[PDB]
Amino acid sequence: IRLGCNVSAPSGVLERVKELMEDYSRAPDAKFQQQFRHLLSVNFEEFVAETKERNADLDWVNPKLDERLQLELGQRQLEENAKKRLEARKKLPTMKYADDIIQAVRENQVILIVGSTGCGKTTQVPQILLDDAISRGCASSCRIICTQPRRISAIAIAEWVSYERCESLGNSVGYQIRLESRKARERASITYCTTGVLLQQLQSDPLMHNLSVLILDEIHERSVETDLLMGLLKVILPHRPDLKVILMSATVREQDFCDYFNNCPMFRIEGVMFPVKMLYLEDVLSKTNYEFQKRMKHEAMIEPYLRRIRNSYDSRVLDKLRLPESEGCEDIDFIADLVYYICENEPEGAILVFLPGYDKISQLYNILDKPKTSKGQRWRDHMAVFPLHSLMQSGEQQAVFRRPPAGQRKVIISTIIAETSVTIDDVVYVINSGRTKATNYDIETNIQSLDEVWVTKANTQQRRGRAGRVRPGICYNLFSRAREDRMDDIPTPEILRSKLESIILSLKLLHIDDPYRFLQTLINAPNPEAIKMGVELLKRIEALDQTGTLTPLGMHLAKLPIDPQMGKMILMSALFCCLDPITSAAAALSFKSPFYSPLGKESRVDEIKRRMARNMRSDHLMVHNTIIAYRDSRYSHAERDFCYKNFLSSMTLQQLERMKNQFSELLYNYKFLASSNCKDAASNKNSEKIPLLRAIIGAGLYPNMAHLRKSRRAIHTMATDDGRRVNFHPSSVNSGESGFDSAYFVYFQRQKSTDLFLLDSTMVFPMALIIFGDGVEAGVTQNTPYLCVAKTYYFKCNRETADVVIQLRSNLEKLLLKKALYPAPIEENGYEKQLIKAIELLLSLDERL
């Protein structure tokens, strides 16, 4: 072993820490504790038993309301601002099935509706179920929940359905998403929510007694949430004979779902869509006959196909198809050329280019903006070009959705983001390169990767769909039909790629204590070894004992709507009075960063960040400083001018702030704070003590450590605690920096792309790791006295410190156990604070001078 720096502490510091610790050791409530032991002490049937009493509002109906609504439905359908849309709504395909759906719901607990774009299932099915109940004089027994994957969907659909009923939002229709609602009346109502909303409500209503019809939408996307929720319905439905579930799906492996609920009824409702012709690589080449400019397999693949098509393509269009580079988006000039070909032949209408990511979007944009080509600068000032990317701003504007200045043709360069999430309406032409990026997880290298791959059949049929919303259009797929037959049906179901810590933990609140056995029953079962890794992580942060059973701290973490590691971070920040900065770090990790990356300004966004970082060498503290600066700009009425000069999204910034306030109100209700204000003075008296902040951050992100080793932009020799070589991601504020006060870092996500990168990081000090971590041992290996952490990092430490530190840990552990089991704010002049002050004092030794 090789020893790191000395962490020994001054005598007079040690002694005061010893006075403080013994002040803590001298001292001589519990509604939470009783809920905790109650959860552990009941079986499943008692659990089901008791959640039914406590949730029985729908057993009560209001007959005078049933009859009045029923009267006003019969009468509103004779008025006329209410049969335009009855005629209009009845020209949607779903309405042809109205009676048949009603009948199918009546006869079955679970039906499946399979539809496609335009079919109207999402807007009409809940209105058919509702109106059926009002008409039959059953209004008040009817509460309908329709889940969506996305926040924006939930809103727009609710508004539209509400508009179709000539009601303001809040009446028969509403929506609910994280921290924003327009709730509908309790009974005779339809509510559109994100799936995760419902899944959090399960904790209070684990058997869904508080709704009559559940409509799961868009399940074919195989999000973790709908996958989880279909798996839970298999537990819930046997004890809820009268609950109705309608599954709804696009035409993307529909039979899987049908098969999953024994073999339930299935409707196929058609979409409303213009014809779109599908040209493949051989056909695009055959019309542009562009030529290309300076592993096989690739003609092992391409040549049996090339024969079956000897007769029907030109001489050697068969050419380029032998070129590996002809497919995908290797050659951006090919693509730019196809943009030009569409610009002069084929009538007007926007072009939508699908490229795998930021880099290629950038190349193609520059090639149009400053062109080499003869047929480039003719067209330059007759194209309205927008790049479209999650990290770019143009999406959340409006200039991209409205049609172009006349004489100009709109061109959209985009990631997969325009497949479902973002919709442009004058698109007539789609160039589908067939290339995208996806995250992947190797289960026993622990490397998460970001890889360019071929799209799926599912992605292509959707992309094609995007061409035909306003008029017959065309989808150009820059790969060959031989490529397509190698392509997969659908993406990998995200639950097969995800970490399961929060899922395993949250199942405990639903009285599902065996994660292996429940998870195994999903449409696609996760690798059991991933589950194991999940459990060990929760065992390590002590959310579970080593039986696998919930700890008092684990219950608190389960109840916070954030990943457990960052929950632990937030609770700790309540104890050590640093709520505001840490909840910022927490919120930004959980959601995303408020910075754009607008094309070409990479260099000066880099410079904004480094300035916001204030030399604190922390991506996480940089976001907090950003929020501090944001708050002031608002106080100064300079909000827009601030967000503009600093490449920041004001709407990410506000959402970050609603999240922090959510964590502060929750922490108050759980009795960790005396105030629900995230900015409260008492809650924040240590929020400027940067070494302390680093410690609590480290407390959350532990055990993700990394250690930098050499000098020398600047080049780095850094390796995570597992031994693997990493570098700071260049988007991170620590990339290329030199002269850190410490060689140690914590990180939330590591990700392999061009290299194995730490996506985010905070410089931490050895003593902070040692106090809050584990694997702490005091020994002598050379003839030096050491003190270690995680049995991985060994620091020189005299033994008078090793002993105070080890005692400090023993006290820190006892205190944390007791705050979890009997939550109360830490009294400012009580015995517990003494121990807090003890820890603060040791950590202050590493203040930057």
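When you see a residue number, it is the position in the sequence shown, counting from 1. Take the two forms, find the largest set of C-alpha atoms that superpose within 1.5 Å, and that set is the rigid core.
Undergrad: Of the stretches 464 to 472 and 620 to 628, which sits farther from where it is here in 8 other deposited structures of this protein, on average over its Cα atoms, after fitting the core?
TA: Evaluated in 8 other deposited structures of this protein, the stretch farther from the shown form is 464 to 472.
Undergrad: Fitting on the rigid core only, I'd like to know which of the two stretches, 319 to 327 or 201 to 209, ends up farther away in Cα terms in 8 other deposited structures of this protein.
TA: Once the core is superposed, the stretch further away in 8 other deposited structures of this protein is 319 to 327.
Undergrad: What number of residues from the deposited sequence go unmodelled in the gap from residue 712 to residue 713, classed as none, 1 to 3, 4 to 9, or 10 or more?
TA: Missing in between: 4 to 9 residues.
Undergrad: On mean Cα temperature factor in this entry, is 143 to 151 or 533 to 541 the higher one?
TA: Looking at the record's C-alpha B-factors, the answer is 533 to 541.
Undergrad: Comparing 265 to 273 with 715 to 723, where is the mean C-alpha B-factor higher?
TA: Averaged over C-alpha atoms, the B-factors run higher in 715 to 723.
Undergrad: Can you pull the Cα B-factors for 115, 581, 554, 407 from the entry and say which is highest?
TA: Answer for 115, 581, 554, 407: 407, with the highest C-alpha B-factor.
Undergrad: In this PDB entry, which of 376, 206, 561, 126 has the top CA B-factor?
TA: Reading the PDB entry, the winner on C-alpha B-factor is 376.
Undergrad: Using the B-factors in the PDB entry, rank residue 821's C-alpha atom against the chain and give the third, lowest, middle or highest.
TA: Answer is middle: the recorded C-alpha B-factor places it there.
Undergrad: Using the temperature factors of the C-alpha atoms in this entry, rank residue 66 within its chain: lowest, middle or highest third.
TA: Middle third.
Undergrad: By the record's CA B-factor, is residue 698 among the lowest, middle or highest third of residues in the chain?
TA: Tercile = lowest for this residue's CA B-factor.
Undergrad: How does the C-alpha B factor of residue 1 compare with the rest of the chain: lowest, middle or highest third?
TA: CA B-factor rank for residue 1: highest third.
Undergrad: Within this chain, which third does the Cα B-factor at residue 842 fall in: lowest, middle or highest?
TA: Lowest third - that is where residue 842 ends up once the chain's C-alpha B-factors are sorted.
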